[PDB]
Amino acid sequence: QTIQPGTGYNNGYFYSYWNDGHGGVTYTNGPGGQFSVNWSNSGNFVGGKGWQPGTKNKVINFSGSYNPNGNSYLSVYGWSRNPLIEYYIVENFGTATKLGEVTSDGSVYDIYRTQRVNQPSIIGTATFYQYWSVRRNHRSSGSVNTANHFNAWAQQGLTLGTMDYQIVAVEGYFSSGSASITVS
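Residues numbered from 1 in each chain as written, not as in the entry; some residues may be left out. Heavy atoms only, no water. Residues with missing side-chain atoms left out of burial classes, pairs and counts.

In the PDB header, X-ray crystallography is given as the technique by which the entry was determined, and 2.10 Å as its resolution.

Taking the PDB entry as the reference, the protein chain is identified by name as Endo-1,4-beta-xylanase belonging to Trichoderma longibrachiatum. Listed as the entry title in the PDB record is "Room temperature structure of xylanase from Trichoderma longibrachiatum". Quoted verbatim from the Sequence similarities (unreviewed entry) field of the UniProt record, the comment on the protein chain reads "Belongs to the glycosyl hydrolase 11 (cellulase G) family." Taken directly from UniProt, the Pathway (unreviewed entry) text for the protein chain runs: "Glycan degradation; xylan degradation." (UniProt positions renumbered as here; feature names shortened; annotations may be inferred.)

Structure below.
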C-alpha cells in the first residue's frame, strides 16, 4: 500500500522510506519484494525493500523499471554501526576520493569514499563516512554479490561494523521520475 515515511515490514521484507519533508513523492509497497515510487519535483528521499539486518555475503536479485529525470540513484543501500557507515552499491542513476576498483557481476565498479557532516542518519543527526561502489555498465535488473564489494572495500581499509538494514532503494534529489522494482 501507499505509505508515509518510516520503516517496517511488508509481505516478508523490511522496508525503509525516508524523505526530507518535501511533498511530491508517492511510495507504494506491493506484493512480495515489490515496491513502486513516483516523484515529481521532490526534495531528497530514499525508499526500498530488503532485509533487517543485512549480511556481508548476501546475493541480492532485482529487476524492474527505472526512469529518472534528474538526480537519482538505483542502488543496494544500507547502514553499518560501530563504525556508522552509509553505503551504496550503485547499479543505475540519472544525471570525493577514488580508492580503487572492483569487477563483479558483469561490470567494473569504481570505489569512492565521501563524508557527510551534521546530516540525518539512522542514529539522528551525525557525522559519518559513506562508501560507494558505482557501476560503469548501468542496468535496472540483475544480481549483486555484496561480498565482492565488501571484501574490496575492506582491502582498501574501508571497515564495516554491525550490519544494520540492507535494501534495494531508489533515491531522488530535487528531480522527477518513476520506478517499479522487485527484490528477492
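Chemist: Would you mind going over the environment of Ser 80 in detail, with residue names and values included?
Modeler: Summarising the element assignment, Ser 80 is placed in strand β7 (residues 59-81). Spatially, the C-alpha atoms of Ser 80 and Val 46 are 17 Å apart, while their sequence positions differ by 34 residues. Setting aside residues no more than four positions away along its own chain, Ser 80 makes contact with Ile 85, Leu 160, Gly 161, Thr 162 and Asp 164. A polar atom in the side chain of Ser 80 sits 2.8 Å from the backbone oxygen of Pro 83. (Helix = DSSP H or I, 4+ residues; strand = E, 2+ residues; numbered from the N terminus. Contact = heavy atoms within 4.5 Å. Polar contact = N/O pair within 3.5 Å; in protein donor to acceptor, adjacent residues only side chain to side chain.)

Chemist: Could you give me a rundown of the packing of aromatic side chains, with the residues and numbers involved?
Modeler: If you walk through the whole model with that rule in mind, you get 17 aromatic pairs. Arranged with centres 5.8 Å apart and planes meeting at 55°, the rings of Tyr 73 and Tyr 88 form a pair that is tilted. With a gap of 15 residues between them, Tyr 73 in strand β7 and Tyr 88 in strand β8 (residues 85-93) connect regions that are remote in the sequence. Assessed through its relative accessible area of 29%, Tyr 73 is described here as partly exposed. On the basis of relative accessible area, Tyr 88 is assigned to the buried category, the value being 3%. Taken together, the ring pairs in this structure connect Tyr 9, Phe 14, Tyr 73, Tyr 77, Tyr 88, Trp 132 and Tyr 165 into an aromatic cluster. Directly above the aromatic system of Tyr 129 lies the positively charged group of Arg 113, at a separation of 5.4 Å from the ring centroid. (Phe/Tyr/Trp six-rings, centres within 6.5 Å; stacked < 30°, edge-to-face > 60°. Buried < 20%, exposed > 50% of the residue type's maximum accessible area, 1.4 Å probe, protein only. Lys NZ or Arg CZ within 6 Å of the ring centre and 35° of its normal.)

Chemist: So what's going on with the UniProt feature "active site" (unreviewed entry) in the protein chain? Which residues, and what values?
Modeler: The UniProt feature table records "active site" (unreviewed entry) at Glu 86 and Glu 171. Looking at where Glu 86 falls in the secondary structure, it is placed in strand β8. In this structure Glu 86 touches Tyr 77, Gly 78, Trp 79, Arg 116, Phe 128, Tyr 129, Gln 130 and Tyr 131, once residues within four positions along its chain are discounted. A polar atom in the side chain of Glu 86 sits 2.6 Å from the side chain of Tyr 77. Residue placement: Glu 171 occurs in strand β13 (residues 162-183). The exposure class of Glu 171 is buried, given its relative accessible area of 11%. Look past the residues within four positions of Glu 171 in its chain and what remains in contact with it is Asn 44, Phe 45, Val 46, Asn 71, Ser 72, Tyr 73 and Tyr 88.

Chemist: Tell me about the environment of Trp 18, residues and numbers included.
Modeler: Along the polypeptide, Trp 18 turns up in strand β3 (residues 13-19). In sequence terms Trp 18 and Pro 5 are 13 residues apart; their C-alpha atoms lie 5.1 Å from each other. Not counting the four nearest positions on each side in its chain, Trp 18 is found in contact with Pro 5, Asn 44, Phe 45, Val 46 and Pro 120.

Chemist: Let's hear about the nonpolar core: which residues, and what values?
Modeler: Soluble globular proteins tend to bury their nonpolar side chains together. Formed by 34 residues in total, the largest nonpolar core has its most connected members in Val 37, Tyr 87, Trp 153, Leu 160, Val 168 and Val 170. For this core, the element with the most residues is β13, which contributes six residues. Those residues in contact with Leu 160 that lie beyond four places of it in its chain are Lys 56, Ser 80, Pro 83, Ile 85, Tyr 87, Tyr 131, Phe 150 and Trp 153. Ranked by size, the runner-up nonpolar core spans 14 residues in total, among them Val 46, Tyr 77, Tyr 88 and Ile 167. (Core = buried A, V, L, I, M, F, W, Y, C linked by side-chain atoms within 4.5 Å.)

Chemist: Mind laying out unusual backbone geometry, listing which residues take part and the relevant values?
Modeler: Peptide bonds are, in most cases, trans, and in most cases residues other than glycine have a negative phi. Of note, the bond from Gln 52 into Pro 53 is cis; its omega dihedral lies within 30 degrees of zero at 0°. Mapped onto the elements of the fold, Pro 53 is located in the loop between β6 (44-51) and β7. The omega torsion across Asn 82 and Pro 83 is 5°, close enough to zero to call that bond cis. Along the polypeptide, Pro 83 turns up in the loop between β7 and β8. The phi angle at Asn 41 is positive, at roughly 55°, despite the residue not being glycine. Here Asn 41 falls in the exposed class, since its relative accessible area comes to 62%. Positive phi, normally seen in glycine, also occurs at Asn 118, with a value near 55°. Within the secondary structure layout, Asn 118 lies in strand β10 (residues 108-119). On the basis of relative accessible area, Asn 118 is assigned to the exposed category, the value being 57%.

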